[PDB]
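Here we start with a single chain on its own, the form deposited in one PDB entry, put down as structure tokens.
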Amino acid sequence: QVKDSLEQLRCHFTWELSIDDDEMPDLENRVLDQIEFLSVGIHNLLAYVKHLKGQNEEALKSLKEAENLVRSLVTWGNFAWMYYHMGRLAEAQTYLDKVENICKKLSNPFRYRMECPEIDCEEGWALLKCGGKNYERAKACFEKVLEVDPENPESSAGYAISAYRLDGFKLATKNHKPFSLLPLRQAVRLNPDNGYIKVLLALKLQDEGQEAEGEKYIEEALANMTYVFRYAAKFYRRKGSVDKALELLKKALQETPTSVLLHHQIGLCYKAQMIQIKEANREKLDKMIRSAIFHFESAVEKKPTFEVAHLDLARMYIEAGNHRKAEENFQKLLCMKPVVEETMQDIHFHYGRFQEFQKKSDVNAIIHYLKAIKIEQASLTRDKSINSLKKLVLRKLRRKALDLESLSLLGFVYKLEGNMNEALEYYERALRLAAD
């Protein structure tokens, strides 16, 4: 009945952290980066990471190191689970009792499950670090605390970061009601010296057309002694100061060389510089393309679930005139099932354009514009897909004006546009040709 008891402990072993096998190397790197450049909860996660890679002994060393720095119950729960897997269950029962004693003394309603806001935050931070699939739960953890202690600085920050990252998933949807602006303001108010939270508020203000006010918080963060640099670089890049951003990123890269986020941002800077020259040399343009591919390729190498970086890679190979590699990466993208499923719209859309312009294959452009549209969630890319589809369909009707398929697709377009009368008119016109 030890297993039955261990499953009631609140710790990383029972939090159902969604960690894909391919995300394991990157996760470990991101944890270690946090050890140095950002303290108990972080070593607990590192111990769990070490466990999942078959290094229980080295995991205990991270748990024992975590105990040196009520929040101890998570560390005791990981110990219990650890000794269980190692066959040393006699020691596991000890830490089970240490948890029960604290639960007993605090009038906790459960034998081993400690109900308190400290553990709620512990669960939120772990989830917030192990991938976007957990962000809804992570927000719930911090929101649970703020429901009773609305001015709590820790949960106020965790809630704002979670809400901010969830707004990023929906940044391109048409609804686009960003609910993280005020939570961030409150997070900055209750953590006045936390630059990480200040930069996020600035980026969210930049998202809302308030770039000016956002930059004020950017400078305040740069006044305190990689996380500020990596996110500040994004603010400057999107503002236009691409050279300033590249500088901040290369500095941050010295501290955290394995950061896929930095490599991705770095590539986006070179891409921005490639456009600068284009709108204006050839050795410089080819130089930046070769550098952008290098970093996009480095991000996809370290975190192959980085679907978006994989897409910027395939698109950059097009800029380089390397169609065999663009096709190669697009074929990988087409096999994915992104966490943010809306991303698949952009995959199909940009592959549709690739077919339309590089391959001059309107048949396949139509196929992939439809697949992007088949993800019904309204977005900017879905509108572009409907318009591009409308263009090719109209190009096929100016040749063969009685094409059954083109009359159906056009009537389908009008349906998506909300014009139902013209949709029925073309569907009916097509069904008459079908009568043969």
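Superpose the two forms; the largest set of C-alphas matching within 1.5 Å is the rigid core. Start at 1 with the first residue shown and count on from there.
From this point on, the text means the form deposited in another entry, which you will not see here.
Undergrad: Please name the one residue from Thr305, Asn108, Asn152, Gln273 with a C-alpha displacement of 2 Å or more between this form and the one not shown, using the rigid core for the superposition.
TA: Of all the options, the C-alpha that shifts by at least 2 Å belongs to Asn108.
Undergrad: Relative to the superposed rigid core, does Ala423 relocate between this form and the one not shown - that is, does its Cα move 2 Å or more?
TA: Indeed, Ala423 is displaced by 2 Å or more.
Undergrad: Is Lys360 displaced by at least 2 Å at its C-alpha between this form and the one not shown when the rigid core is overlaid?
TA: It does, since the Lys360 C-alpha is displaced 2 Å or more between this form and the one not shown after the core fit.
Undergrad: Taking the rigid core as reference, does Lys400 move its C-alpha 2 Å or further between this form and the one not shown?
TA: Yes, its C-alpha moves 2 Å or more.
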